[PDB]
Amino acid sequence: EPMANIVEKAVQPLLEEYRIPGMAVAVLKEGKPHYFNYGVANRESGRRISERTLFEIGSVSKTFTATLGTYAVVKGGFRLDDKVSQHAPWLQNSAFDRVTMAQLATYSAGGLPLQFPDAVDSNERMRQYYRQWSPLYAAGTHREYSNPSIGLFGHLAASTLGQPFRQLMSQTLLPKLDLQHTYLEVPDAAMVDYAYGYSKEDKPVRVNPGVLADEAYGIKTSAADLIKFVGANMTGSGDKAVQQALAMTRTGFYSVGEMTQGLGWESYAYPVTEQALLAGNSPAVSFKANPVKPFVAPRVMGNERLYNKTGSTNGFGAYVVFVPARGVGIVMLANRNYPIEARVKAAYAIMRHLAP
């Protein structure tokens, strides 16, 4: 049962049903990457998808943001249990005197929404938004998946090291990770590799950045670079502080059903049922506030586990899964924002073959 056939079997129904113009799949097993490419980067240019094509990865960016945040912890900028206002004096007398940095990262501050209101379109309006925000829930009690939440985490984490987020990401974290094809903004020389997204109206689209885009959803990368990042999260980085940062993202804070929320990465015990993985990535979790099952102490989650993250933008759909104990990882990047449940089913089938 060759890998190539297993991947084709899982991917073709996605290409068929969702008319996906281009998809890059990377599989890591036994220390070696394998690439499976489908279709075209731009329907109006000749270049085909390869493992070098740059895609918008949307919320998979949150795993990079989380790693930048834990890097700042390693470097002494903050502790995860610090109150947010310790690192944001402009938030004195706001809800953020009682919210911790970890709660921002884990979407549990108390009902921050998925997106900023569209009127929040400047730094000053962003500051005022957080100052004025009235919680819906007590800190820590409810998970509500939120860009303002983890966005503020990344913004403040960078502040604790005295650098802008984009600078710290592009000049420190990505170079130390040896990721040479990973960008918050694609440079002119790499535009040749940058796919267009295809919307639900079948129009070519690219992300026009908004407030805290870099932190919440702004990475563009290739399947080759993203599977290198997955490998770093299993067998390590040779930069000792980056390794400490990578490991710390496995810290779990609470569970929602069979999912444990860490920093960026969400994880499951492995073996894991498909049902459990579908439920944890469903709108019941991602589109409704959930009361959490809390941990007395945040806990490093282990190797015998499946770590994952979805990402979606206008015109793009990404999914990443890996099981450290097995040394297996899967990256699936597409220029269609096709259903998360379909991403999960396809990745699950591939993973069951790779790690029976």
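Position 1 is the first residue in the sequence shown; the rest follow in order.
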Quick note on 256 to 264 and 206 to 214: per-entry mean CA temperature factor is higher in 206 to 214
Higher of the two mean Cα B-factors (79 to 87, 113 to 121; per PDB record) comes from 113 to 121
Listed options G280, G197, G151, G238: highest C-alpha B factor recorded at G238
In this crystal structure's PDB entry, the residue among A284, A102, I227, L174 with the greatest CA B factor is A284
Tertile call for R143 (CA temperature factor, within chain, third-based) is the lowest
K32: CA temperature factor from the record, placed by chain third, in the highest
Tertile call for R343 (CA temperature factor, within chain, third-based) is the lowest
For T273, the third of its chain by CA B-factor is the middle
The third of the chain into which the C-alpha temperature factor of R299 falls is the middle
